[PDB]
């Protein structure tokens, strides 16, 4: 209906992080008609603009409210896996931490034309940094905004840093500078613009909505990619979607000649939609009577996510009032006047904080790269599940209760060895995917050992003089949890997502049989079909995954507009 009689040069499935970048770059020269189909609504929520309101986005209407299959290995629990559902996607609902990982993470992909030396200029191009000028590792005029956090907990941030120094960890002045080792303690930069969320809707899509060659539909749930097995090769024709949920008429947006469909539905929904389109393991598609168009083993495999557990400790009675929970709420759960004023006057104070923007990368045992990320929070978890405690914190407002003053250290396996999957539980394209995070399933128990040693590291830091000055015992995991076996069980019962999720449409070299796309991001076995989102990441980098997604989208846009090629190698004689 809004696409009737229209031909598009690019159809983007999803309007999330990658999609906002592509919509911007691909519509730039005015020659090409670009359609964006987002299932969620427009990006207008105040809860998206205010970083501390991440607490309100979990388990909300702007989230997919996805739960995993029962995990036998995690005390037989379903795991919540937060995913943004609106223009800007998960960039609109995330913790805003700005990480690229290490040069070694990209070289470890071993994909031609995607080495650390290939990707660096694409990170730098995207970047405007308020605290790092132009140099080998920072750009200055890109659409992203990155800055040092504009909240500082004067006692607790300083005490964390001195405690990490007291246990002998080195500082890292810039976690995105590849001229030095990834490990160390310091401050995570944030995708914020003077303390307001700088999501990829705000930075890439919203500024160009005036473009007549760009059409963005919200409330538009893609149901499958339309693919024709005519001439003698599967050819994308366009995309089926409903603007009215499961009962809506199935509409078809149509490609112009030379048109491509680009999957931008993210590492959960892209492989889900490809399988509904006949692209996936033939046995899984047959299960639900989906005709096999491209028998591709890798689709929905290689799901990598960074699992988390935490410690938490209260402060002494005399340090009551010093935590971020005290900066945001008073003792009745009323939002502090000082926090509102600081946010509106100059974009500072507790409302600019996602809480978890100071920390460390640590090697638990002589690894080539750090296996542990620590996120320090100058406030106290009231649940061993940190995402649950954030939902609790949002619900706490106006309850007339006082949130106890304390700290948390979240431990993340940032370069995990476990993999999971995403597939189908039904033929209905509106049903939730069959989602398996696969936490703690690696053959050697490496991810569990990372988190157990993480808890020992957090206890060493909390015991050090600088922090123990403020603290008064331990709430989580608590004095009941001391042996290696007790810690493992605490981890199984409390492990939660740190919200990465990559690798379900793995990019790979020619000859790599686990790959779903080539190094041009083309889906194997289909013409005019690409994936440009977190799905394509072969091997997850350490740290949060948003900045690598924007880098991949920037480079794909350059490839599709003819501004760049990918690979590299001189022809053999």
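We call the rigid core the largest set of C-alpha positions that still match within 1.5 Å between the two forms. Numbering follows the first chain given and starts at 1.
Core-fitted comparison in 5 other deposited structures of this protein shows that, between 535-543 and 506-514, the CA atoms farther from the shown form belong to 506-514. In the record comparison, residue 232 is unmodelled in at least a third of the other entries of this protein that model the residues flanking it. Mean CA temperature factor is higher for 561-569 when stretches 561-569 and 548-556 are set side by side in the entry. Once the C-alpha B-factors are averaged per stretch, 394-402 and 354-362 rank with 394-402 first. The residue among 236, 462, 97, 82 whose C-alpha atom has the highest B-factor in the PDB entry is 236. Of the candidates 251, 500, 312, 308, the one whose C-alpha carries the top B factor in the deposited record is 251. In the PDB entry, a CA B factor belonging to the lowest third of its chain's modelled residues is recorded for residue 532. Residue 61 sits in the middle third of its chain by CA B factor, as recorded in the PDB entry. Ranked by Cα temperature factor within the chain, residue 526 sits in the highest third according to the deposited record. In the deposited entry, the Cα temperature factor of residue 30 sits in the top third of values across the chain's modelled residues.
Residue-level temperature factors show residue 39 in the middle third of its chain, judged at the C-alpha atom.
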